[PDB]
């Protein structure tokens, strides 16, 4: 979004990322490895699913006929009744449009926020020996190929598997 543009996040995207919307890339001698983070993808999906349920919860009064106003006899009143219905339809429509607009605004905006959170998952796993650049990238002392990258995505990656120091967990 606007954050990633200013922060110098990569503006392009990775076609290799299929299992999910968000994840990690690894750049080294092997070339470029790509892995999706399912947790980050799932969270985004749950937010959207909740947002879909929320929009679907809206109820409005039925518009039916007036019980008393009779055709021919009360045509003037009926014209006003038609007008009342039309304006109700118009007003609720624009309100729903606003609710959906704000929903889509949130979903698209939350992308960089996901990336920022994926930094924190990546950072902790990599241990204190890795170097944070700031553009969403870390420089590692160890090599990290597709097999390595995949363990990161799964959250099972250990830095001791390259004799590197770790943040010992709780």
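Numbering follows the first chain given and starts at 1.
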Once you work out the mean C-alpha B-factor for both 101-109 and 43-51 from the entry, which is higher?
43-51
Got a sec? Mean C-alpha B-factor, which is higher, 24-32 or 53-61?
24-32
Residue set 144, 66, 133, 116, per-entry CA B-factor max assigned to 144
Residue 70 CA temperature factor, ranked by third within the chain:
lowest
